[PDB]
Every structure is written in C-alpha cells, then in structure tokens.
>>> print(open('data_23.txt').read())   # compact mmCIF, N, CA and C atoms
# COMPACT_ATOMS: atom_id res chain seq x y z
N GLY A 1 101.62 90.88 127.65
CA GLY A 1 102.79 90.06 128.08
C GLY A 1 103.89 90.14 127.02
N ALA A 2 104.96 89.42 127.22
CA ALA A 2 106.08 89.44 126.22
C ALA A 2 106.04 88.19 125.35
N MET A 3 106.28 88.34 124.07
CA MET A 3 106.26 87.16 123.15
C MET A 3 107.48 87.19 122.23
N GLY A 4 107.94 86.04 121.79
CA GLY A 4 109.13 85.99 120.88
C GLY A 4 108.74 86.54 119.51
N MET A 5 109.59 87.35 118.92
CA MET A 5 109.28 87.95 117.59
C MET A 5 110.42 87.68 116.60
N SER A 6 110.14 87.75 115.33
CA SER A 6 111.20 87.51 114.30
C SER A 6 111.36 88.73 113.40
N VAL A 7 112.49 88.87 112.75
CA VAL A 7 112.72 90.06 111.86
C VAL A 7 111.73 90.03 110.68
N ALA A 8 111.35 88.86 110.24
CA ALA A 8 110.38 88.75 109.10
C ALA A 8 109.03 89.37 109.49
N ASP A 9 108.68 89.34 110.75
CA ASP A 9 107.40 89.96 111.21
C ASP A 9 107.43 91.47 110.98
N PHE A 10 108.56 92.10 111.22
CA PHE A 10 108.67 93.57 110.97
C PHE A 10 108.62 93.86 109.47
N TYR A 11 109.21 93.00 108.67
CA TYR A 11 109.17 93.19 107.19
C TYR A 11 107.73 92.98 106.68
N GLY A 12 107.21 93.94 105.96
CA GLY A 12 105.81 93.83 105.43
C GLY A 12 104.78 94.26 106.49
N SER A 13 105.22 94.71 107.64
CA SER A 13 104.26 95.23 108.66
C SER A 13 103.99 96.72 108.42
N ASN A 14 102.85 97.20 108.86
CA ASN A 14 102.54 98.66 108.69
C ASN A 14 102.89 99.43 109.96
N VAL A 15 103.85 100.31 109.87
CA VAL A 15 104.25 101.13 111.06
C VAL A 15 104.33 102.61 110.65
N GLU A 16 104.31 103.51 111.60
CA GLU A 16 104.52 104.95 111.28
C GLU A 16 105.77 105.45 112.00
N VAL A 17 106.50 106.36 111.39
CA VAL A 17 107.74 106.88 112.04
C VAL A 17 107.77 108.41 111.92
N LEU A 18 108.26 109.09 112.93
CA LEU A 18 108.55 110.54 112.76
C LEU A 18 110.00 110.72 112.35
N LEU A 19 110.25 111.57 111.40
CA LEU A 19 111.67 111.86 111.02
C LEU A 19 112.23 112.97 111.92
N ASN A 20 113.50 113.26 111.79
CA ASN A 20 114.17 114.27 112.68
C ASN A 20 113.46 115.63 112.63
N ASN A 21 112.73 115.89 111.57
CA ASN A 21 112.04 117.22 111.44
C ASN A 21 110.59 117.13 111.93
N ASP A 22 110.28 116.18 112.81
CA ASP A 22 108.91 116.10 113.43
C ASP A 22 107.83 115.96 112.35
N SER A 23 108.18 115.41 111.20
CA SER A 23 107.15 115.04 110.19
C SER A 23 106.82 113.56 110.34
N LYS A 24 105.57 113.19 110.18
CA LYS A 24 105.18 111.77 110.41
C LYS A 24 104.81 111.09 109.08
N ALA A 25 105.22 109.86 108.91
CA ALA A 25 104.82 109.08 107.70
C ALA A 25 104.56 107.62 108.07
N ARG A 26 103.65 106.97 107.38
CA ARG A 26 103.33 105.55 107.70
C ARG A 26 103.22 104.73 106.42
N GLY A 27 103.47 103.44 106.51
CA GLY A 27 103.32 102.56 105.32
C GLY A 27 103.71 101.13 105.69
N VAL A 28 103.64 100.22 104.75
CA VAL A 28 104.06 98.82 105.02
C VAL A 28 105.53 98.64 104.63
N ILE A 29 106.31 98.03 105.48
CA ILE A 29 107.78 97.87 105.19
C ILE A 29 107.98 96.95 103.97
N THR A 30 108.87 97.32 103.09
CA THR A 30 109.12 96.50 101.86
C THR A 30 110.60 96.11 101.73
N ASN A 31 111.50 96.76 102.44
CA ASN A 31 112.93 96.31 102.41
C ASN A 31 113.69 96.80 103.64
N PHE A 32 114.70 96.07 104.04
CA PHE A 32 115.58 96.52 105.16
C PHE A 32 117.00 95.99 104.95
N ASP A 33 117.98 96.84 105.10
CA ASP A 33 119.39 96.42 104.82
C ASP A 33 120.25 96.62 106.08
N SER A 34 120.88 95.58 106.55
CA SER A 34 121.69 95.68 107.81
C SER A 34 122.99 96.44 107.56
N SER A 35 123.52 96.37 106.36
CA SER A 35 124.84 97.02 106.07
C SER A 35 124.75 98.54 106.23
N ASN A 36 123.70 99.14 105.71
CA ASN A 36 123.55 100.63 105.82
C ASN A 36 122.22 101.01 106.49
N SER A 37 121.47 100.04 107.00
CA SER A 37 120.16 100.34 107.67
C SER A 37 119.26 101.21 106.77
N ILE A 38 118.81 100.65 105.67
CA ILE A 38 117.93 101.42 104.74
C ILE A 38 116.55 100.75 104.66
N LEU A 39 115.50 101.52 104.78
CA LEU A 39 114.13 100.93 104.87
C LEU A 39 113.22 101.53 103.79
N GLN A 40 112.64 100.69 102.97
CA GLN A 40 111.62 101.18 101.99
C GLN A 40 110.22 100.95 102.56
N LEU A 41 109.41 101.98 102.59
CA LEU A 41 108.02 101.84 103.11
C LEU A 41 107.01 101.98 101.97
N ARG A 42 106.15 101.01 101.80
CA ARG A 42 105.09 101.11 100.74
C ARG A 42 103.71 101.24 101.40
N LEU A 43 103.02 102.31 101.13
CA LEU A 43 101.72 102.58 101.83
C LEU A 43 100.54 102.23 100.92
N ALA A 44 99.38 102.00 101.51
CA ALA A 44 98.22 101.45 100.73
C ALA A 44 97.65 102.48 99.73
N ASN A 45 98.21 103.67 99.67
CA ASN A 45 97.79 104.64 98.61
C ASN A 45 98.62 104.44 97.33
N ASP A 46 99.13 103.24 97.09
CA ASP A 46 99.93 102.97 95.84
C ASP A 46 101.18 103.86 95.81
N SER A 47 101.69 104.25 96.96
CA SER A 47 102.92 105.11 96.99
C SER A 47 104.02 104.42 97.80
N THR A 48 105.24 104.46 97.32
CA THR A 48 106.37 103.83 98.05
C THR A 48 107.56 104.80 98.14
N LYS A 49 108.30 104.75 99.22
CA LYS A 49 109.45 105.69 99.39
C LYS A 49 110.61 104.99 100.10
N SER A 50 111.82 105.23 99.66
CA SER A 50 113.01 104.63 100.33
C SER A 50 113.61 105.63 101.32
N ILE A 51 113.66 105.28 102.58
CA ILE A 51 114.20 106.21 103.62
C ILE A 51 115.24 105.49 104.47
N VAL A 52 116.39 106.08 104.66
CA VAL A 52 117.42 105.46 105.54
C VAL A 52 116.99 105.60 107.00
N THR A 53 117.13 104.55 107.77
CA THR A 53 116.58 104.55 109.17
C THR A 53 117.27 105.62 110.04
N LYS A 54 118.47 106.01 109.69
CA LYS A 54 119.23 106.97 110.56
C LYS A 54 118.45 108.29 110.72
N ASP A 55 117.59 108.61 109.78
CA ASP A 55 116.74 109.83 109.93
C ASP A 55 115.42 109.50 110.65
N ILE A 56 115.30 108.33 111.26
CA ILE A 56 114.10 108.04 112.10
C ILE A 56 114.24 108.75 113.45
N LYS A 57 113.39 109.72 113.71
CA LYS A 57 113.35 110.34 115.07
C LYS A 57 112.54 109.45 116.02
N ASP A 58 111.46 108.88 115.55
CA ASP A 58 110.57 108.08 116.46
C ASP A 58 109.79 107.02 115.67
N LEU A 59 109.48 105.91 116.30
CA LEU A 59 108.78 104.80 115.58
C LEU A 59 107.53 104.35 116.34
N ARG A 60 106.49 103.98 115.62
CA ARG A 60 105.30 103.36 116.27
C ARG A 60 104.67 102.34 115.32
N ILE A 61 103.90 101.41 115.84
CA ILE A 61 103.19 100.43 114.96
C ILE A 61 101.68 100.66 115.04
N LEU A 62 101.02 100.77 113.91
CA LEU A 62 99.55 101.08 113.92
C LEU A 62 98.74 99.78 114.05
N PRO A 63 97.60 99.85 114.71
CA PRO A 63 96.76 98.64 114.90
C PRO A 63 96.15 98.19 113.57
N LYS A 64 96.49 97.01 113.11
CA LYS A 64 95.90 96.49 111.83
C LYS A 64 94.41 96.21 112.02
N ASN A 65 94.04 95.68 113.16
CA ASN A 65 92.60 95.38 113.42
C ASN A 65 92.34 95.31 114.93
N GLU A 66 91.10 95.36 115.34
CA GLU A 66 90.77 95.29 116.79
C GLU A 66 90.30 93.88 117.16
N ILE A 67 90.93 93.26 118.13
CA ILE A 67 90.53 91.88 118.54
C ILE A 67 89.22 91.93 119.33
N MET A 68 89.02 92.97 120.11
CA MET A 68 87.79 93.06 120.95
C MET A 68 86.80 94.06 120.33
N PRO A 69 85.54 93.98 120.74
CA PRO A 69 84.51 94.91 120.22
C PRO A 69 84.80 96.34 120.70
N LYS A 70 84.36 97.32 119.94
CA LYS A 70 84.62 98.74 120.33
C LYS A 70 83.48 99.27 121.21
N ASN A 71 83.80 99.71 122.40
CA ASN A 71 82.75 100.26 123.31
C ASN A 71 82.47 101.73 122.97
N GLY A 72 83.47 102.45 122.53
CA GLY A 72 83.29 103.89 122.19
C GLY A 72 84.29 104.74 122.98
N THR A 73 84.60 104.34 124.19
CA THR A 73 85.58 105.12 125.02
C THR A 73 86.98 105.08 124.38
N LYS A 74 87.31 103.99 123.73
CA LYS A 74 88.66 103.87 123.10
C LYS A 74 88.70 104.66 121.78
N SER A 75 89.86 105.12 121.39
CA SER A 75 89.98 105.91 120.12
C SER A 75 89.88 104.98 118.90
N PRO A 76 89.62 105.56 117.75
CA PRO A 76 89.49 104.75 116.50
C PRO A 76 90.83 104.10 116.14
N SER A 77 90.79 102.90 115.62
CA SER A 77 92.06 102.20 115.22
C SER A 77 92.74 102.95 114.06
N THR A 78 91.95 103.54 113.19
CA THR A 78 92.53 104.28 112.03
C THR A 78 91.86 105.65 111.89
N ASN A 79 92.42 106.52 111.08
CA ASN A 79 91.82 107.88 110.89
C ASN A 79 90.86 107.87 109.70
N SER A 80 89.63 108.26 109.91
CA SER A 80 88.63 108.28 108.80
C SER A 80 87.64 109.43 108.99
N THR A 81 86.92 109.79 107.96
CA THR A 81 85.94 110.91 108.06
C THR A 81 84.61 110.40 108.63
N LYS A 82 83.97 109.50 107.93
CA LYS A 82 82.66 108.96 108.42
C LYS A 82 82.58 107.45 108.17
N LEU A 83 82.01 106.71 109.10
CA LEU A 83 81.87 105.24 108.91
C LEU A 83 80.43 104.89 108.53
N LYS A 84 80.24 103.92 107.67
CA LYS A 84 78.86 103.52 107.26
C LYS A 84 78.35 102.40 108.16
N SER A 85 77.16 102.54 108.69
CA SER A 85 76.60 101.49 109.60
C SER A 85 76.35 100.19 108.83
N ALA A 86 76.00 100.30 107.57
CA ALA A 86 75.75 99.07 106.74
C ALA A 86 77.06 98.29 106.55
N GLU A 87 78.17 98.98 106.46
CA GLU A 87 79.48 98.28 106.28
C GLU A 87 80.21 98.19 107.62
N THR A 88 80.81 97.06 107.90
CA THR A 88 81.54 96.88 109.20
C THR A 88 82.67 95.86 109.04
N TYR A 89 82.38 94.74 108.43
CA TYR A 89 83.42 93.67 108.26
C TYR A 89 83.81 93.53 106.79
N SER A 90 85.06 93.23 106.52
CA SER A 90 85.52 93.08 105.11
C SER A 90 86.44 91.86 104.98
N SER A 91 86.71 91.43 103.76
CA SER A 91 87.61 90.25 103.52
C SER A 91 87.23 89.05 104.40
N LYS A 92 86.46 88.13 103.86
CA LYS A 92 86.01 86.95 104.66
C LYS A 92 87.21 86.10 105.11
N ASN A 93 88.17 85.92 104.23
CA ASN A 93 89.38 85.11 104.59
C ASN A 93 90.51 86.03 105.06
N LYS A 94 91.09 86.80 104.17
CA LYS A 94 92.20 87.72 104.55
C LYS A 94 92.12 89.01 103.73
N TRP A 95 92.28 88.90 102.43
CA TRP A 95 92.23 90.11 101.55
C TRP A 95 91.45 89.81 100.27
N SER A 96 91.36 90.77 99.38
CA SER A 96 90.61 90.55 98.11
C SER A 96 91.58 90.46 96.93
N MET A 97 91.24 89.68 95.92
CA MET A 97 92.14 89.52 94.74
C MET A 97 92.28 90.85 93.99
N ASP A 98 91.22 91.62 93.92
CA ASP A 98 91.28 92.93 93.20
C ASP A 98 91.83 94.01 94.12
N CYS A 99 92.78 94.80 93.64
CA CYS A 99 93.39 95.89 94.48
C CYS A 99 93.89 95.35 95.83
N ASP A 100 94.38 96.22 96.68
CA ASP A 100 94.86 95.77 98.02
C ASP A 100 93.70 95.76 99.02
N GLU A 101 92.82 96.72 98.92
CA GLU A 101 91.66 96.79 99.86
C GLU A 101 90.36 97.03 99.09
N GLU A 102 89.25 96.57 99.62
CA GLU A 102 87.94 96.77 98.92
C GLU A 102 87.23 98.01 99.49
N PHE A 103 86.74 98.87 98.62
CA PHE A 103 86.03 100.10 99.09
C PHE A 103 84.95 100.51 98.09
N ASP A 104 84.04 101.36 98.49
CA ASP A 104 82.92 101.80 97.58
C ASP A 104 82.19 100.58 96.99
N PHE A 105 81.76 99.67 97.84
CA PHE A 105 81.06 98.44 97.34
C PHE A 105 79.77 98.81 96.59
N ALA A 106 79.03 99.77 97.11
CA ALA A 106 77.75 100.21 96.45
C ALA A 106 76.83 99.02 96.16
N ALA A 107 75.82 99.21 95.35
CA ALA A 107 74.88 98.09 95.02
C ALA A 107 75.25 97.45 93.68
N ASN A 108 76.51 97.49 93.30
CA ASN A 108 76.97 96.91 92.00
C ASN A 108 76.24 97.55 90.80
N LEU A 109 75.02 97.14 90.52
CA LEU A 109 74.30 97.67 89.32
C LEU A 109 74.01 99.17 89.48
N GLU A 110 73.72 99.60 90.69
CA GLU A 110 73.39 101.04 90.92
C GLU A 110 74.55 101.74 91.64
N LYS A 111 74.74 103.01 91.37
CA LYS A 111 75.83 103.80 92.05
C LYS A 111 77.19 103.11 91.88
N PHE A 112 77.66 102.99 90.66
CA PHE A 112 78.99 102.34 90.42
C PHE A 112 80.12 103.17 91.05
N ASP A 113 80.01 104.47 90.99
CA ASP A 113 81.06 105.35 91.60
C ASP A 113 80.50 106.75 91.85
N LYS A 114 79.46 106.85 92.65
CA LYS A 114 78.83 108.19 92.97
C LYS A 114 78.48 108.94 91.67
N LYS A 115 78.05 108.23 90.66
CA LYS A 115 77.67 108.87 89.35
C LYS A 115 78.81 109.75 88.82
N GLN A 116 80.04 109.38 89.09
CA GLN A 116 81.20 110.16 88.57
C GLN A 116 82.31 109.21 88.10
N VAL A 117 82.99 109.56 87.03
CA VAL A 117 84.09 108.70 86.52
C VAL A 117 85.30 109.56 86.11
N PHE A 118 86.49 109.12 86.44
CA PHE A 118 87.71 109.90 86.07
C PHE A 118 88.22 109.47 84.69
N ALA A 119 88.33 108.18 84.47
CA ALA A 119 88.83 107.67 83.16
C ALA A 119 87.68 107.02 82.38
N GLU A 120 87.72 107.10 81.07
CA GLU A 120 86.64 106.47 80.24
C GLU A 120 87.13 105.15 79.66
N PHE A 121 86.26 104.16 79.60
CA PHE A 121 86.67 102.83 79.05
C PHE A 121 85.43 102.02 78.64
N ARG A 122 84.40 102.02 79.46
CA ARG A 122 83.15 101.24 79.15
C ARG A 122 83.48 99.78 78.83
N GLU A 123 83.43 98.92 79.82
CA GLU A 123 83.74 97.47 79.59
C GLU A 123 82.67 96.84 78.69
N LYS A 124 81.43 97.22 78.87
CA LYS A 124 80.33 96.65 78.03
C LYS A 124 79.36 97.76 77.59
N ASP A 125 78.62 97.53 76.53
CA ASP A 125 77.65 98.56 76.02
C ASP A 125 78.36 99.90 75.75
>>> encode(input="data_23.txt", output="structure tokens")
Amino acid sequence: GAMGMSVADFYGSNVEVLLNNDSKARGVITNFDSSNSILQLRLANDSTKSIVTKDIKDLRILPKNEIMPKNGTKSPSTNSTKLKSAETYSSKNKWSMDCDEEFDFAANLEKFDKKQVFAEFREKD
C-alpha cells in the first residue's frame, strides 16, 4: 500500500544506484544538498564516496531485512557466498557497539580468525 514518508528516512538509508555508464554502486546515504543535488554514500565496507545525483542513471533500495520467513522460492535479500546453518539471527536489539556489523563470531577462545592474522598486537600474553 502507500505510506507517508519523510526526507530524513532517505538520509542514512542503504540504496543502490546505476550511473550513466551502467555501473552499479550501493551504500548508506550520508549527505544530500538541495542547492546542487549532491549525495555522499557511505557503504559498510568502511568506504565513502561523494557523487552528484545528476549522474544517477537509475535508483533502487535494497532490503535491509526480511519481515517474513524465507521459503526458498524468493531470491536472497543480499549477495553472499555461503550461509552458516548455526548462524541466522544477529543484534538482539538493533546493532553492536563494536564495528558496524558482527561477523566471524567463532567460539571466542578457539578459531579467533581462521588461524590467520593480518596485523600483530597481542592484547594479552
């Protein structure tokens, strides 16, 4: 059905847009200017880019979450390689204090990061 919406709802929402050259990009909106129509998109990969809306060829909004259970006939809400059956629900309230999203939970004491580390620091021992 149709519902009333506000400009603040679009700000900070995650949408994807194709530019005039048929390239696609997605992220969460971080700024919008009515004087020159300029939009900054910040995506959950810690990357942000400022793009003027006039080069928007096409716009879409990605599903943040699914309200109903997944039967299988419908397509996946997001693009991923493999899903773990042990993991399914995240963030009991809304989000986590550490980072923007929680991933690689593992068993804490065992398998901290697939037995591999990029930076060295050793918090203890």
>>> atom_distance(input="data_23.txt", atom1="atom CA of residue 78 of chain A", atom2="atom CA of residue 44 of chain A")
13.0 Å
>>> closest_residue(input="data_23.txt", among="A:80, A:88, A:36, A:20", to="residue 55 of chain A", atoms="all atoms listed in the file")
A:20
>>> atom_distance(input="data_23.txt", atom1="atom C of residue 58 of chain A", atom2="atom C of residue 17 of chain A")
4.5 Å
>>> select_by_dssp(input="data_23.txt", residues="chain A", states="strand (DSSP E)", output="number ranges by chain")
A: 14-19, 24-33, 38-43, 47-52, 56-61
>>> write_last_selection(input="data_23.txt", atoms="N, CA and C atoms", output="CSV table (one decimal), keeping the file's coordinate frame")
chain,number,residue,atom,x,y,z
A,14,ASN,N,102.8,97.2,108.9
A,14,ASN,CA,102.5,98.7,108.7
A,14,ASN,C,102.9,99.4,110.0
A,15,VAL,N,103.8,100.3,109.9
A,15,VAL,CA,104.2,101.1,111.1
A,15,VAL,C,104.3,102.6,110.6
A,16,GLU,N,104.3,103.5,111.6
A,16,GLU,CA,104.5,105.0,111.3
A,16,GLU,C,105.8,105.4,112.0
A,17,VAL,N,106.5,106.4,111.4
A,17,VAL,CA,107.7,106.9,112.0
A,17,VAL,C,107.8,108.4,111.9
A,18,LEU,N,108.3,109.1,112.9
A,18,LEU,CA,108.6,110.5,112.8
A,18,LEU,C,110.0,110.7,112.4
A,19,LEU,N,110.2,111.6,111.4
A,19,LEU,CA,111.7,111.9,111.0
A,19,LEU,C,112.2,113.0,111.9
A,24,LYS,N,105.6,113.2,110.2
A,24,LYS,CA,105.2,111.8,110.4
A,24,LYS,C,104.8,111.1,109.1
A,25,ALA,N,105.2,109.9,108.9
A,25,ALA,CA,104.8,109.1,107.7
A,25,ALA,C,104.6,107.6,108.1
A,26,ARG,N,103.6,107.0,107.4
A,26,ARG,CA,103.3,105.6,107.7
A,26,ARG,C,103.2,104.7,106.4
A,27,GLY,N,103.5,103.4,106.5
A,27,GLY,CA,103.3,102.6,105.3
A,27,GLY,C,103.7,101.1,105.7
A,28,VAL,N,103.6,100.2,104.8
A,28,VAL,CA,104.1,98.8,105.0
A,28,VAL,C,105.5,98.6,104.6
A,29,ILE,N,106.3,98.0,105.5
A,29,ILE,CA,107.8,97.9,105.2
A,29,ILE,C,108.0,97.0,104.0
A,30,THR,N,108.9,97.3,103.1
A,30,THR,CA,109.1,96.5,101.9
A,30,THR,C,110.6,96.1,101.7
A,31,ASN,N,111.5,96.8,102.4
A,31,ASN,CA,112.9,96.3,102.4
A,31,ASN,C,113.7,96.8,103.6
A,32,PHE,N,114.7,96.1,104.0
A,32,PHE,CA,115.6,96.5,105.2
A,32,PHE,C,117.0,96.0,105.0
A,33,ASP,N,118.0,96.8,105.1
A,33,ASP,CA,119.4,96.4,104.8
A,33,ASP,C,120.2,96.6,106.1
A,38,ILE,N,118.8,100.6,105.7
A,38,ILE,CA,117.9,101.4,104.7
A,38,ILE,C,116.6,100.8,104.7
A,39,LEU,N,115.5,101.5,104.8
A,39,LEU,CA,114.1,100.9,104.9
A,39,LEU,C,113.2,101.5,103.8
A,40,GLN,N,112.6,100.7,103.0
A,40,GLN,CA,111.6,101.2,102.0
A,40,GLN,C,110.2,101.0,102.6
A,41,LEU,N,109.4,102.0,102.6
A,41,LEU,CA,108.0,101.8,103.1
A,41,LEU,C,107.0,102.0,102.0
A,42,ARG,N,106.2,101.0,101.8
A,42,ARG,CA,105.1,101.1,100.7
A,42,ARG,C,103.7,101.2,101.4
A,43,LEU,N,103.0,102.3,101.1
A,43,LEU,CA,101.7,102.6,101.8
A,43,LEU,C,100.5,102.2,100.9
A,47,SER,N,101.7,104.2,97.0
A,47,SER,CA,102.9,105.1,97.0
A,47,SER,C,104.0,104.4,97.8
A,48,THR,N,105.2,104.5,97.3
A,48,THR,CA,106.4,103.8,98.0
A,48,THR,C,107.6,104.8,98.1
A,49,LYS,N,108.3,104.8,99.2
A,49,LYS,CA,109.4,105.7,99.4
A,49,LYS,C,110.6,105.0,100.1
A,50,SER,N,111.8,105.2,99.7
A,50,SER,CA,113.0,104.6,100.3
A,50,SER,C,113.6,105.6,101.3
A,51,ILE,N,113.7,105.3,102.6
A,51,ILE,CA,114.2,106.2,103.6
A,51,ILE,C,115.2,105.5,104.5
A,52,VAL,N,116.4,106.1,104.7
A,52,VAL,CA,117.4,105.5,105.5
A,52,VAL,C,117.0,105.6,107.0
A,56,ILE,N,115.3,108.3,111.3
A,56,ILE,CA,114.1,108.0,112.1
A,56,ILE,C,114.2,108.8,113.4
A,57,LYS,N,113.4,109.7,113.7
A,57,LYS,CA,113.4,110.3,115.1
A,57,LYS,C,112.5,109.4,116.0
A,58,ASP,N,111.5,108.9,115.6
A,58,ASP,CA,110.6,108.1,116.5
A,58,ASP,C,109.8,107.0,115.7
A,59,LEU,N,109.5,105.9,116.3
A,59,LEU,CA,108.8,104.8,115.6
A,59,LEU,C,107.5,104.4,116.3
A,60,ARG,N,106.5,104.0,115.6
A,60,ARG,CA,105.3,103.4,116.3
A,60,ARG,C,104.7,102.3,115.3
A,61,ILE,N,103.9,101.4,115.8
A,61,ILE,CA,103.2,100.4,115.0
A,61,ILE,C,101.7,100.7,115.0
>>> closest_atom_pairs(input="data_23.txt", of="segment 13-54 of chain A", to="segment 61-65 of chain A", cutoff="5 Å", atoms="only N, CA and C atoms", output="tab-separated table")
residue	atom	partner	partner_atom	distance
A:14	C	A:62	N	4.6
A:15	CA	A:61	CA	4.1
A:16	N	A:61	CA	4.7
>>> residues_around(input="data_23.txt", residues="residue 41 of chain A", least_positions_apart="5", cutoff="6 Å", atoms="only N, CA and C atoms", output="list in words")
residues 27, 28, 29, 30, 31, 47, 48, 49, 50 and 51 of chain A
>>> axis_aligned_box(input="data_23.txt", around="segment 69-75 of chain A", padding_each_side="5 Å", output="AutoDock Vina command-line options")
--center_x 86.2 --center_y 99.9 --center_z 122.0 --size_x 17.5 --size_y 21.9 --size_z 16.1
>>> select_by_dssp(input="data_23.txt", residues="chain A", states="helix (DSSP H, G or I)", output="PyMOL selection string")
chain A and resi 7-10+53-55
>>> atom_distance(input="data_23.txt", atom1="atom C of residue 56 of chain A", atom2="atom CA of residue 22 of chain A")
9.1 Å
>>> closest_residue(input="data_23.txt", among="A:125, A:81, A:39, A:59", to="residue 18 of chain A", atoms="only C-alpha atoms")
A:59
>>> residues_around(input="data_23.txt", residues="residue 32 of chain A", least_positions_apart="5", cutoff="12 Å", atoms="only C-alpha atoms", output="ChimeraX atom specification")
/A:7-8,10-13,37-41,50-53
